[PDB]
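So the protein lines, in turn, are chains A and B. By the numbering used here, the letter at position 9 of the first sequence is numbered 366, and the numbering carries on one by one without gaps. By the numbering used here, the letter at position 235 of the second sequence is numbered 592, and the numbering carries on one by one without gaps. Below is one structure, written out as structure tokens; comments come after it.
2 protein chains.
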Amino acid sequence: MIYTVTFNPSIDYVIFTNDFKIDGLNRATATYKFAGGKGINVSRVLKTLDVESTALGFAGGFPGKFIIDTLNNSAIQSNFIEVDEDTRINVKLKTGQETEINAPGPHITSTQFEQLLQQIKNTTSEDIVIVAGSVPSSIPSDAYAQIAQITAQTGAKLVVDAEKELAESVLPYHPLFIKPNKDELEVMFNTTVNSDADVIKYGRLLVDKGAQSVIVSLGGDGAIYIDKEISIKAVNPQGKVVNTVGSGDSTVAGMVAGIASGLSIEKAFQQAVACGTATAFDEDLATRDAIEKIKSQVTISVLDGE
Amino acid sequence: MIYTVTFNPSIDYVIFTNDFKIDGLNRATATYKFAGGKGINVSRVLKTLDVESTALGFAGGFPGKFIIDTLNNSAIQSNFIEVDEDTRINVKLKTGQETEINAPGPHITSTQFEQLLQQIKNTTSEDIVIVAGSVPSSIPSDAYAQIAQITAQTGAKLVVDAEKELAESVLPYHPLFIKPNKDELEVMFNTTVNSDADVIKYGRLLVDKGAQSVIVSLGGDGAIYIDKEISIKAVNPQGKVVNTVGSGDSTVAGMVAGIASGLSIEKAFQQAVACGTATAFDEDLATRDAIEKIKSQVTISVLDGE
């Protein structure tokens with residue numbers, strides 16, 4: 358089984374109005390409710406790629422109910438921890454000026470965070486655990502390192518989809534892969550990274566620090582995968598970027614799906630990049646036929662090793 | 358038994374946020390939620406007054422469940438007709454300004470509306486049916502009349518708090534009272550209403566058209582009750598209007614609770630005005646002690662009749 362972790366899922370409540378007035382009565386003419394979360398996104402892309410996953414994380418109240426349902430309706434399994442405060446509802450106003458109104462997450466007790474850890478404790482060597490996105494304020498700030506520490510004990514494969522500092526924290530626990538960008542490397546190592554060989558070099562030092570594999574995201578210039586024994590360069594096709602939100606979740610999910618479904622590292626990486634690129638070229642998350650279209654146009658090249 | 362009917366009940370998603378920024382990422386400093394809707398508010402005030410009622414109307418999805426659980430936690434019964442789409446979520450933005458964003462209802466089928474009417478068909482002469490609110494586009498635009506016509510056969514007292522034309526349409530069905538404002542009177546009878554005598558006149562013409570009685574809201578200037586045999590003037594204490602949302606509802610609930618619990622027309626009316634005033638002087642709906650405090654302060658006078 359593959360699990361995603363979404364610590365703070367939301368309802369993105371998108372509202373179209375008959376124009377907008379501050380301090381006045383406004384009527385919405387159309388609304389939409391989408392389940393939000395970076396761990397949920399991965400699950401969405403995995404499903405797009407015909408790969409099952411179970412969404413974990415924290416859900417509460419009627420909004421938590423809604424998200425569970427949405428995921429059932431997609432045939433994505435879930436086992437969120439029931440918490441005592443409502444899942445957050447973020448409001449996006451789209452008529453004329455496009456405005457965002459984000460709520461803080463629900464309060465999550467220590468018992469509840471423990472209930473999630475208890476699930477990670479029930480994973481095995483053949484499970485993949487994908488933790489994605491920010492750490493909410495009412496869970497421990499080292500939530501990623503705790504989950505990782507448990508995976509190290511179960512054998513489960515840890516994949517982190519977060520910014521550098523949380524991926525750095527999981528390093529000693531040998532994740533399956535982390536996914537920094539070229540610019541994060543420059544900061545980590547206090548050096549200029551300006552060649553594919555330099556990318557290989559600092560990605561391999563992160564492998565020395567515990568990472569089983571590293572994907573270094575390079576933007577529209579593709580990405581590099583680094584192993585202890587191989588590095589790969591993927592170049593994606595050019596095209597108009599519409600919306601890069603989700604591209605990271607997609608890359609992560611393409612990689613995992615490829616691994617899970619018996620593709621080579623090379624081809625799983627190729628799928629990954631095509632996923633991230635597909636999403637980028639789309640308004641929202643990529644369709645399957647968009648992913649397959651792009652992965653033929655993605656060129657793989659072995660940089661070093663075998 | 359007393360029944361409130363809310364066609365389009367709501368979650369009122371209240372969001373506190375400072376310096377509301379259009380086209381911007383805002384972060385809510387706090388949020389909360391309650392069950393809103395006119396008939397629901399009436400049930401809430403009747404409850405504060407120790408008077409049972411069962412909420413009727415339409416609920417669906419998990420927004421629907423929230424309203425039922427919220428009412429249940431408040432010890433208010435409900436017998437909502439399950440609809441196939443989500444109960445609406447209305448947004449209230451509390452900065453320095455107060456900005457409401459009201460959503461459309463769920464789509465309500467004819468079969469579901471028929472289910473509601475079947476409930477009104479099971480009423481008896483001892484029952485009170487309160488129908489309050491705007492009519493959602495998906496139900497019969499003559500929905501008030503379709504209810505009013507059943508109560509005329511069952512014998513149940515019909516109470517209406519609606520827009521002018523909808524209030525006008527139930528008149529042939531002899532509702533127990535309707536509740537227009539002075540401004541609706543002015544539109545109805547196409548004339549200027551500038552005195553207590555003018556209010557008695559046009560209000561009693563409504564009693565001639567079928568209303569058993571009429572309460573005319575004068576805002577912070579009190580209210581006038583009009584009968585075939587008497588008219589009464591209520592005058593409420595002055596004070597800082599905090600929030601008048603729900604005060605019309607509270608007035609209706611005060612009047613019904615009075616009649617239901619054996620009070621004179623006069624004292625029931627006094628209770629009615631105290632309720633609407635006390636709400637006005639409050640964040641939300643009035644507490645019991647605010648209501649009682651205030652009705653000691655409400656003056657009652659016979660305008661005409663015996």
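Just so you know, even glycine gets a beta-carbon here, dropped at the ideal spot from N, CA and C.
is_contact[residue i, chain B] using C-beta, thresh 9 Å
| i | result |
| --- | --- |
| A/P366 | no |
| A/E457 | yes |
| A/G414 | no |
| A/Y370 | yes |
| A/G603 | no |
| A/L450 | yes |
| A/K390 | yes |
| A/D426 | yes |
Any chain A beta carbon closer than 9 Å to residue i
| i | result |
| --- | --- |
| B/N383 | yes |
| B/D441 | no |
| B/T363 | no |
| B/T374 | yes |
Beta carbon of residue i nearer than 9 Å to that of residue j
| i | j | result |
| --- | --- | --- |
| A/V516 | A/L523 | no |
| B/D606 | B/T644 | no |
| A/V592 | A/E640 | no |
| A/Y370 | A/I425 | no |
| B/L406 | B/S618 | yes |
| B/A385 | A/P461 | yes |
| A/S367 | A/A387 | no |
| A/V492 | A/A500 | yes |
| A/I583 | A/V564 | yes |
| B/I572 | B/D553 | no |
| A/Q454 | B/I379 | yes |
| residue 679 of chain B | B/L450 | Outside the shown range of chain B, which is 358 to 663, sits residue 679 of chain B, and nothing can be said about it. |
| A/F638 | A/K597 | yes |
Contact set between residue i and chain D, taken where Cβ atoms lie within less than 8 Å
| i | result |
| --- | --- |
| B/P493 | The question asks about chain D, but that chain is absent: this structure's protein chains are A and B. |
Cut-off 6 Å between Cβ atoms - residues of its own chain near residue i, not counting five sequence neighbours on either side
| i | result |
| --- | --- |
| B/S410 | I359, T361, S400 and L403 |
| B/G421 | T444 |
| A/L542 | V550 and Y559 |
| residue 309 of chain A | Past the edges of chain A, shown from 358 to 663, lies residue 309 of chain A, and the structure says nothing about it. |
| A/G662 | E586 and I587 |
| A/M612 | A625 and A629 |
Under 7 Å from the C-beta of residue i: neighbouring residues of chain A
| i | result |
| --- | --- |
| B/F377 | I379 |
| B/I446 | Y370 |
Within chain A, partners of residue i - CB distance below 8 Å
| i | result |
| --- | --- |
| B/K422 | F419 and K422 |
| B/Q454 | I379 and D380 |
Partner residues on chain A for residue i, Cβ-Cβ distance less than 9 Å
| i | result |
| --- | --- |
| B/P461 | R384, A385, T386, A387 and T388 |
Cβ distance (whole Å) where residue i is taken to contact residue j below 8 Å
| i | j | result |
| --- | --- | --- |
| B/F437 | B/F415 | 6 Å |
| A/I657 | A/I589 | 6 Å |
| A/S574 | A/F534 | Going by Cβ atoms, the distance from A/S574 to A/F534 rounds to 12 Å, so no, they are not a contact pair. |
| B/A625 | B/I616 | 5 Å |
| B/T452 | B/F364 | Not quite, the Cβ-Cβ distance comes to about 30 Å (not below 8 Å), so this is no contact. |
| A/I507 | A/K478 | 6 Å |
| A/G417 | A/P463 | 5 Å |
| B/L620 | A/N459 | About 48 Å; that fails the 8 Å criterion. |
| B/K521 | B/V544 | 6 Å |
| B/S467 | B/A502 | Not really, about 16 Å apart at Cβ, beyond 8 Å. |
Residues of its chain near residue i, where Cβ-Cβ distance is below 7 Å and the 5 sequence neighbours each way are ignored
| i | result |
| --- | --- |
| A/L413 | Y360, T361, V362, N436, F437, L473 and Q476 |
| B/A513 | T480, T481, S482, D484, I485 and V486 |
| A/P529 | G567 |
| B/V659 | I587 and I589 |
| A/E623 | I589 and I657 |
| B/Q627 | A591, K652, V655 and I657 |
| A/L428 | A392, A412 and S435 |
| A/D540 | none |
| A/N398 | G603, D606 and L642 |
| B/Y389 | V371 |
8 Å Cβ shell around residue i - same chain, five flanking residues per side excluded
| i | result |
| --- | --- |
| A/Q595 | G577 |
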